[PDB]
Amino acid sequence: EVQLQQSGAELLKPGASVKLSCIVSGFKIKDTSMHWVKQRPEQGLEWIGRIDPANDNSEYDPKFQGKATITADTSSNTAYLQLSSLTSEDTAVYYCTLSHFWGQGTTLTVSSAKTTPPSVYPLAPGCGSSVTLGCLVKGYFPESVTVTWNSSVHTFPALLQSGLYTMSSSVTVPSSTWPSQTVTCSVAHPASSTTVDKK
Amino acid sequence: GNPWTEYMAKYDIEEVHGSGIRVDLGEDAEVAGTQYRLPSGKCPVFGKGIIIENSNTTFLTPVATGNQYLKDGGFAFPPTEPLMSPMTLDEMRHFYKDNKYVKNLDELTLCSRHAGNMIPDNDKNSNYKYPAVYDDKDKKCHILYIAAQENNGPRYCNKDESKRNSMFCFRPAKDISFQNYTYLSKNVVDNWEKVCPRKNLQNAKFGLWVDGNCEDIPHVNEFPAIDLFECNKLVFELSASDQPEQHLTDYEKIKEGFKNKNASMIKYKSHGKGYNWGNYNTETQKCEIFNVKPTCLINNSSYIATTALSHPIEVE
Amino acid sequence: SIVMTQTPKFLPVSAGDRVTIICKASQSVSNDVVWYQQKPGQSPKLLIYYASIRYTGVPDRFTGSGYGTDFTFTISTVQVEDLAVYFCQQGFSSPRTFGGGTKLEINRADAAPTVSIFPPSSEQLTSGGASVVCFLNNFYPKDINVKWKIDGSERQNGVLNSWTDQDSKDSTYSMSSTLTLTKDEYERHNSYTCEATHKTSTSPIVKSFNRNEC
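Cut-offs used in this document
- Residues numbered from 1 in each chain as written, not as in the entry; some residues may be left out.
- Chains lettered and ligands numbered in written order.
- Heavy atoms only, no water.
- Residues with missing side-chain atoms left out of burial classes, pairs and counts.
- Helix = DSSP H or I, 4+ residues; strand = E, 2+ residues; numbered from the N terminus.
- Rg over C-alpha atoms; globule rule 2.2 N^0.38 Å.
- Contact = heavy atoms within 4.5 Å.
- Domains from an automatic or database assignment.
- Buried < 20%, exposed > 50% of the residue type's maximum accessible area, 1.4 Å probe, protein only.
- Arc of directions from axis to C-beta.
- Polar contact = N/O pair within 3.5 Å; in protein donor to acceptor, adjacent residues only side chain to side chain.
- Nonpolar A, V, L, I, M, F, W, Y, C, P; charged D, E, K, R; others polar.
- Pairing = 2+ DSSP bridges.
- Axes fitted to C-alpha atoms, helices over the stretch in contact; angles between N-to-C directions.
- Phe/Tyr/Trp six-rings, centres within 6.5 Å; stacked < 30°, edge-to-face > 60°.
- Core = buried A, V, L, I, M, F, W, Y, C linked by side-chain atoms within 4.5 Å.
- Buried area = accessible area lost by both parts, 1.4 Å probe.
- Salt bridge = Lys/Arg side-chain N within 4 Å of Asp/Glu carboxyl O.
- Disulfide = S-S within 2.5 Å.

Per the deposition metadata, X-ray crystallography was the technique used to determine this entry, at a resolution of 2.40 Å.

Caption draft 1: Quick look at the overall build of chain C. What chain C contains, in helices and strands, is 2 helices and 18 strands. Relative to the compact-globule value of 17 Å for 214 residues, chain C shows a C-alpha radius of gyration of 23 Å, a clear excess of over 25%. Dimensions of chain C, computed from the C-alpha atoms along their principal axes, are close to 70 × 35 × 25 Å. The contacts in chain C between residues at least 6 apart in sequence include a share of 59% that link residues at least 24 apart.

Caption draft 2: Representation of the overall build of chain B within the structure. Broken down by element type, chain B carries 8 helices and 17 strands. For chain B, the C-alpha radius of gyration of 20 Å lies close to 20 Å, the compact-globule estimate for 316 residues. When its C-alpha atoms are laid out on the principal axes, chain B stretches across 60 × 50 × 35 Å.

Caption draft 3: View of unusual backbone geometry. The step from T7 of chain C to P8 of chain C runs through a cis peptide bond, and the omega angle for that step is -5°. Backbone torsion omega between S94 of chain C and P95 of chain C reads 0°, so that peptide bond is classified as cis. With respect to the helices, strands and loops of the structure, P95 of chain C is situated in the loop between β9 (85-90) and β10 (102-107). At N77 of chain A, a position not held by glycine, the phi torsion is positive, near 45°. Tracing the backbone through its elements, the reader meets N77 of chain A in the loop between β7 (68-73) and β8 (78-83). Residue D121 of chain B is not a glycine yet carries a positive backbone phi of 55°.

Caption draft 4: Quick look at the domain arrangement of chain C. For chain C, the assigned domains read domain 1 (1-108) and domain 2 (109-211). Across the boundary between the two partners, domain 1 of chain C contributes 7 residues, which contact 12 residues of domain 2 of chain C.

Caption draft 5: Representation of helix α7 (residues 228-238) of chain B in the model. Residue and element names in this part refer to chain B. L228, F229, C231, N232, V235 and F236 are the residues of α7 that are buried. All buried residues of α7 project into a common sector of 160° when viewed along the axis, lining one side. Residues of α7 that are buried make contact with β3 (45-46), β8 (170-173), β14 (277-281), β15 (286-290) and β17 (303-307). At the N-terminal boundary of α7, the capping side chain belongs to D227, with an oxygen 3.1 Å from the backbone nitrogen of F229.

Caption draft 6: Summary view of the domain arrangement of chain B. Residues and elements named next belong to chain B. Annotation of chain B at the domain level lists domain 1 (1-11 + 199-243 + 268-316), domain 2 (12-198) and domain 3 (244-267). Averaged C-alpha coordinates put domain 1 and domain 2 at centres separated by 26 Å. With 5 residues, the single largest contributor to the side of domain 1 that touches domain 2 is α7. Looking at the side of domain 1 that touches domain 2, its residues break down into 12 nonpolar, 12 polar and 9 charged.

Caption draft 7: Layout of helix α5 (residues 107-115) of chain B. Residue and element names in this part refer to chain B. The element α5 is largely enclosed, with a buried count of 7 among its 9 residues. Within the span of α5, buried status applies to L108, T109, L110, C111, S112, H114 and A115. For α5, the N-terminal cap is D106; the gap from its side-chain oxygen to the backbone nitrogen of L108 is 3.2 Å.

Caption draft 8: Broad picture of the interface of chain A and chain C. Taken together, the 37 residues of chain A in the interface contact 38 residues of chain C. The biggest single contributor to the side of chain A that touches chain C is strand β15 (residues 153-161) of chain A, with 6 residues. Of the residues that constitute the side of chain A that touches chain C, the class distribution is 18 nonpolar, 15 polar and 4 charged.

Caption draft 9: Examining the sheet that holds strand β7 (residues 140-143) of chain B more closely. All names here are of chain B. Spatially, β3-β9-β6-β7-β5 is the arrangement adopted by the 5 strands of the open sheet, whose pairing is antiparallel. Single-partner strands in this sheet number two, and they are β3 and β5 (87-88). In this structure, strand β6 (residues 132-135) lies alongside strand β9 (residues 181-184), joined through 4 bridges in antiparallel fashion. Paired with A132 across the bridge in β9 is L184. Each of β3, β5, β6, β7 and β9 touches α5; the most contacted strand, β6, lies at about 145° to it.

Caption draft 10: Summary view of the pairing of strand β2 (residues 34-38) of chain B. Residues and elements named next belong to chain B. With respect to burial, β2 is a largely interior element, 4 of its 5 residues being buried. With 5 bridges connecting them, strand β1 (residues 27-31) and β2 associate as antiparallel partners. In the sheet register, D28 faces β2, and the bridge partner there is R37. Between β1 and β2, which pair antiparallel and follow one another directly, the connecting turn spans 2 residues, one of which, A32, has a positive phi of 50°.

Caption draft 11: Spotlight on the packing of aromatic side chains. Enumeration over the complete set of coordinates arrives at 39 aromatic pairs over all chains. A centroid spacing of 4.9 Å and a plane angle of 5° characterise the contact between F156 of chain A and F135 of chain C, whose relative ring orientation is stacked. Note that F156 of chain A is positioned in strand β15 and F135 of chain C in strand β12 (residues 129-139), a pairing that runs across two chains. Residue classification places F135 of chain C among the buried positions, given a relative accessible area of 0%. Arranged with centres 5.5 Å apart and planes meeting at 70°, the rings of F59 of chain B and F178 of chain B form a pair that is edge-to-face. Of this pair, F59 of chain B sits in the loop between β4 (49-52) and β5 while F178 of chain B sits in the loop between β8 and β9; the two residues are 119 residues apart in sequence, bridging distant segments of the chain.

Caption draft 12: The environment of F92 of chain C, seen in detail. Residues and elements named next belong to chain C. Its place among the elements puts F92 in the loop between β9 and β10. Owing to a relative accessible area of 46%, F92 belongs among the partly exposed residues under this scheme. Note: C-alpha distance between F92 and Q6 (86 residues apart in sequence) is 17 Å. The residues touching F92, leaving out its near neighbours within four places in the chain, are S28, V29, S30 and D32.

Caption draft 13: How the structure looks around the nonpolar core. In this structure, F27, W36 and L98 of chain A together with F59 and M84 of chain B are the most contacted members of the largest nonpolar core, which totals 153 residues. The greatest single-element share of this core, amounting to 5 residues, is contributed by strand β9 (residues 92-98) of chain A. With residues near it in sequence (within four places) discarded, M84 of chain B still touches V2, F27, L98 and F101 of chain A together with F95, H114, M118 and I143 of chain B. Within the second largest apolar cluster, 20 residues are counted, among which are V146, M175, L181 and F209 of chain C.

Caption draft 14: Local environment of the sheet that holds strand β14 (residues 146-149) of chain A. All names here are of chain A. Pairing is antiparallel across the open sheet formed by 3 strands, whose spatial order is β14-β17-β18. Lying at the two open borders of the sheet, with one neighbouring strand each, are β14 and β18 (194-198). Going across the sheet, the axis of each strand differs from the next one's by a mean of 20°, ignoring polarity. Pairing between β14 and strand β17 (residues 185-189): 4 bridges, direction antiparallel.

Caption draft 15: Fine view of the environment of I150 of chain C. Locating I150 of chain C in the fold gives a position in strand β13 (residues 145-150). Apart from residues lying up to four places away in sequence, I150 of chain C is in contact with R155, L179, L181, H189, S191 and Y192 of chain C.

Caption draft 16: Just the interface of chain B and chain C, in detail. Contacts between the two partners involve 9 residues from chain B, matched on the other side by 9 residues from chain C. Roughly 790 Å² is buried in total at the junction of chain B and chain C, and carbon and sulfur atoms are behind 45% of that figure. Ranking the residues of chain B by area buried against chain C places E91, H94 and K97 of chain B at the top, with a combined share of 59%. At the surface where chain B touches chain C, the tally comes to 2 salt bridges.

Caption draft 17: Representation of the state of the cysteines in the model. For the structure on display, the rule yields 10 disulfides over all chains. Paired through a disulfide, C22 of chain A and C96 of chain A show a sulfur-sulfur distance of 2.0 Å. Taking the sign of the S-S torsion, 60° for the link of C22 of chain A and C96 of chain A, the bridge is right-handed. Taken as a pair, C22 of chain A in strand β3 (residues 18-25) and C96 of chain A in strand β9 lie far apart in primary sequence, 74 residues in all. Classification of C96 of chain A by relative accessible area gives buried; the value is 0%. The disulfide partner of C43 of chain B is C196 of chain B, and the S-S distance across this bridge is 2.0 Å. Between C43 of chain B and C196 of chain B the sulfur-sulfur dihedral comes to about -80°; the bridge is accordingly left-handed. Of the two residues, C43 of chain B is situated in the loop between β2 and β3 and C196 of chain B in the loop between α6 (192-195) and β10 (201-202); the sequence distance between them amounts to 153 residues. In terms of burial, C43 of chain B and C196 of chain B fall into one category: buried.

Here it is, written out as structure tokens:
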């Protein structure tokens, strides 16, 4: 069985360099070009380049000459994208492709801001047939917060509240189900290894 | 002396194919510390497939995975993502589009090379490559997960309706429904068009070159055959076979070409020798089958010269 | 570099109507154009390759055609689940440039937002800050105005608005408006209100709370 496995989310300071990996399992990479494609938040796809793993010939868009370096390893069936002299314009999802088959992407965040866990603020009515509840997820970094309630959920995408991120999440339940039953938001932040539940 | 030498080269099946036809298991390759038998023939086998007995499920169906029972699956690679099998010709050409050599391969070698790109059971050091079946009708390459080709025993297999998870009874065959299939080992050569048999030879009868003349094959076994297809079938049935206890044990499974027991590891060679050739008399409807390599043609208008490797229908 | 000019950038369509997307190559790319679908949060998936060939598994509603410079992607009858951004790419010569993409929007009947205003929590209140959050949920179309009022007077400063992408089930939008104050400036005022102006009502949907009330 063929699988693509891209390395984890990266957070680095500007001026640094990163090496992203793309491990292909169950398939020999030698005959297939490994492409890397860039996608910046809310923007389109940009072809970075590709490597011929059989002959180590890699080519690029002239925009990425000096920035990107694509390598491949037919021994471990892995493709690599090294990015040098990191910049906020380098903040993007980076997709590897096994030819026309795409990986799940690797999120790169380039920022001088440090990994900061969020604080979780409950959003209750205070003082209709339905009621909406919420959770405020303020002052965290970098992106990737998973708030789970235990379908009628809305996740409002994060805004960069000066260096740090702020998101919010709402749930609507029958007004007979609350406050008679404990509704709980679980805010997950993998980067800082924090998961805190607000009642 | 002999005007037929280069013409006749592709019919030296021991030389050009070099493994079983009926059952091709002419190499062994290690996967995770065990030797497994696998197809190794250098020529495509046209019109070959696997008949699953007492069953409506066809062999190009993906093998049983997950909640599926053994008998509900066939022999082919299961549908995972990214999807490697079945892959159409155009999809394969697109997949290998930046490889000048592989992209320009004929569809049979392309299919064999694609299948040969699958890594078995996460063993990257393994020479084991899965065989494949190319269907020329729908232009699809089907990678075969099961490289076993015959399992036939009043003890080696169960034949029942209720027994859904017991072992397949199966055999290789040239069925009419397989007419557009080609069975492809990992070893299928680049130039099989030049060096391997494909079409049956009209107005031709295989003979032996003896003292400046093309003589009849000295030893021939003769069987009725209503048409060319039936003769090719019979010749295939008698052809080189790499096939081999009281029960179907793990070791007996390995010998039949089995590798896996429900997503886990299971823990001889003809070399192309066999009854690989037939002379078909179209007039008397007789199939004259023999086991020595032919070295010339007798030009007889009643005859079509056929091979176990040859297409069951196509003539030139 | 070959430029692939993809039009339109944004395509509102109703369930069951034709989606036509065009992609023009600045140089001749033969038949080597692929069309990708990117559903929100997902990797792009190949729909069409060599300009006109449907990939295995790809529904009949998806087609492409064209040779040379002019390429057409079509969804003959859009389904709600086709909501995605679609990208052409040329593969004929490197760099293998993508078109700019086309974002689908599923048209639906207009819906009024459901608005809930929330007071700052004690967890935030006794830390230095004070966020007043206001949800404008399940509305259509996307165009919505929110005016925040403190003690009656409109505040534009210190307000952060976040829209969701179109909901995959009901095709509506939702948005959160958060007025963030300090703990000192928040206790300096009383009546905090968010007013939703949407084309579903003549008058705004006002949701208020007095800090005195509790």
